[PDB]
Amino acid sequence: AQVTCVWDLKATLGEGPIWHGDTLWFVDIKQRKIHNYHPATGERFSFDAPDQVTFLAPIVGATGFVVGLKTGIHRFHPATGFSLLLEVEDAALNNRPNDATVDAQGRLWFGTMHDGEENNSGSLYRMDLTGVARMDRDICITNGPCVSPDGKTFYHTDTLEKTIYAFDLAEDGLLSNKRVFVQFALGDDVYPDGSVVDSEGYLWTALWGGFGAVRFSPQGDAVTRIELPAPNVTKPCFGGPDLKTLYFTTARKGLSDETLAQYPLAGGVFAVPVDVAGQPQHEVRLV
């Protein structure tokens, strides 16, 4: 299939794409923006955030999004802006939220990270109507929380360790039986960024420094690799009428001026048709 650059956005750190309301929502973390792309018309919308904004999730029974800001978990509405829901960590850590997913029970799983990308201060959190629980700890850069279609397996990535872990996910939301799922040896400077799981239970992982994304079987073997004209690919997101259009956010962060001249579409939004559909986006049950 041919890859299309559908938005030559040149984002600094495009991240956190979701498919919602039949359109693509995502963020630019470092430019502090929420973006919205309508594939049917090409319309583009952008919203300024008061701090770094790192993930978006729709809410059950309500309008707007729950979003991760460096200053805490907020509610966002285009008309009214940002309102604090919960501060999850002590500001002195210089942490920020990063990636997130919503499981089929309406739980929001999100990670935090050292914004300086040096300390092992990040954690994994599970947020729902029973509160916020810390589920894993001591990770420098968390990434790519996601769950299988049957709801029994949970994946989480420690990016700088180049490792995706798998867990048993119980019906009551507890994790057990952590094990290595995939350890990356695709290059000295290739790291796993964000991941999603498709309708067959295969994991799609975007590669920082790896110019694309890899699809893994539930047993952890790579079965296909997509190439993009962008060194840093941050996250996949299934969209389109059949959830068979795979979108990718990318990042210019970390690339020299010479590399950006060579790969000027770095930071753009890319799209490619794939054969197996993704999973439908779930909504957070906040109350």
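Numbers follow the displayed sequence, beginning with 1.
- Averaged over their C-alpha atoms, the temperature factors of 210-218 and 84-92 are higher for 84-92.
- For the two regions 200-208 and 116-124, the entry's Cα B-factors average higher over 116-124.
- Residues shown: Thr259, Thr249, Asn36, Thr41. Highest C-alpha temperature factor in the entry: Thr41.
- In the PDB entry, the Cα temperature factor peaks, among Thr159, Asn98, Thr101, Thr71, at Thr71.
- Annotation for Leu169: C-alpha temperature factor in the middle third relative to the rest of the modelled chain, per the entry.
- Ranked by Cα temperature factor within the chain, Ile139 sits in the highest third according to the deposited record.
- When all modelled residues of the chain are sorted by CA temperature factor, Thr63 is found within the highest third.
- For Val233, the recorded CA B-factor ranks within the lowest third of the chain. Only modelled residues enter the ranking.
- When the modelled residues of the chain are ordered by C-alpha B-factor, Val272 sits in the middle third.
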